[PDB]
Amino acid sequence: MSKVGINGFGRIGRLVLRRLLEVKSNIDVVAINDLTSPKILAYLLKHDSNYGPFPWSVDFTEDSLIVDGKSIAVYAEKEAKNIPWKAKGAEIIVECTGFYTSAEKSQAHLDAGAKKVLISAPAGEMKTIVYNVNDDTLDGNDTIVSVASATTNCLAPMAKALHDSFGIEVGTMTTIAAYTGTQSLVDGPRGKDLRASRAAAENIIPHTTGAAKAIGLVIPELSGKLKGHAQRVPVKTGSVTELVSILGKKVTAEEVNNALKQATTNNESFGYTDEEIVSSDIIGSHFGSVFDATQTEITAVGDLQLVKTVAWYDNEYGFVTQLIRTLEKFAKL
């Protein structure tokens, strides 16, 4: 399979295309579905507030984009069942709208002529992949799969290394995270969630996330062993995840950092840093997660020990590099 439709050409949907070109995937996006015109999609693709100008030529006609000299159809169907995927023969849908995050909802893509769906968010109790953690669980019979959230892709590799080296008995996560499209520009209704209604660039806003709660889908041994949440803050992209764990062994900071370093060695998904970086330094990361040995903290009172480990993530472009790794393998099975 090498024909891709993008449903939802948003922050994630546009960067998917950017990253496919940057890595020279043999995948071809043949169709984009969204809610707008080729003119406006072209403008958005050409000019990006977080990553700067598109590195390839971009033009449009009434019905397509022309990206690096190649044509991509543009549709504007708000219900997925009506999307004409058959027209250009889109095989794998990268479902990036947020409105089809369940196998039953995303079935609509298959009913409409697609063969597979890769959902760019948590999508309940379905197969959910963090690349370089559990991508060996994918087979040729999977049709609709999830790559969870950016926060999952941050948390999972760090949890996996800790669990493998020391065991995690129980833990809780807080991610201090860049604001996203699901939040509000000015104070006003945003569905049912009271905190999501508040001005995002003017507030620290507590925010629910299932990344720890559903980690069992990616690291079966940790099912039910973690909880967590987010604090959304006023940065445009670039985020950090802290995990406080009770481990299966007594450890030093140095031991923990070394075990992590080893986990990140020749691991294109998971990086390491012992530099004094800040969030803007992760913008444009090609990792899903970058463990930061400078923030490791072991609090020990006799037999009791709390371990705080911290990893950075570009919740836009970093997460996208993982989505694309999963896509490229999904495409071959």
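Residue positions are given as counts along the sequence shown, with the first one as 1.
S.K.: When the C-alpha temperature factors are averaged for each of 253-261 and 67-75, which stretch ends up with the higher value in the entry?
M.R.: Higher mean C-alpha B-factor in the PDB entry: 67-75.
S.K.: Would you determine, from the values in the PDB entry, which of 152-160 and 79-87 has the greater average C-alpha temperature factor?
M.R.: Looking at the recorded C-alpha B-factors, 79-87 comes out higher on average.
S.K.: Among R190, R232, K225, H109, which residue carries the highest C-alpha B-factor recorded in the PDB entry?
M.R.: If I rank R190, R232, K225, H109 by C-alpha B-factor, first place goes to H109.
S.K.: Go through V240, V218, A103, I246 one by one and give the residue whose Cα B-factor in the PDB entry is largest.
M.R.: The listed residue with the largest C-alpha B-factor is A103.
S.K.: Compare the C-alpha B factor of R198 with those of the other modelled residues in its chain, then answer lowest, middle or highest third.
M.R.: CA B-factor rank for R198: lowest third.
S.K.: Please rank the C-alpha B-factors of the chain's modelled residues and tell me whether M173 sits in the lowest, middle or highest third.
M.R.: Lowest third - that is where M173 ends up once the chain's C-alpha B-factors are sorted.
S.K.: Place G124 in the lowest, middle or highest third of its chain's C-alpha B-factors, as listed in the PDB entry.
M.R.: As the PDB entry reports it, the C-alpha B-factor of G124 lands in the highest third of its chain.
S.K.: In terms of the CA temperature factor given in the entry, to which third of its chain does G210 belong: lowest, middle or highest?
M.R.: Middle third - that is where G210 ends up once the chain's C-alpha B-factors are sorted.
S.K.: Give the position of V310 by CA B-factor within its chain, expressed as the lowest, middle or highest third.
M.R.: It belongs to the lowest third of the chain when residues are ordered by C-alpha B-factor.
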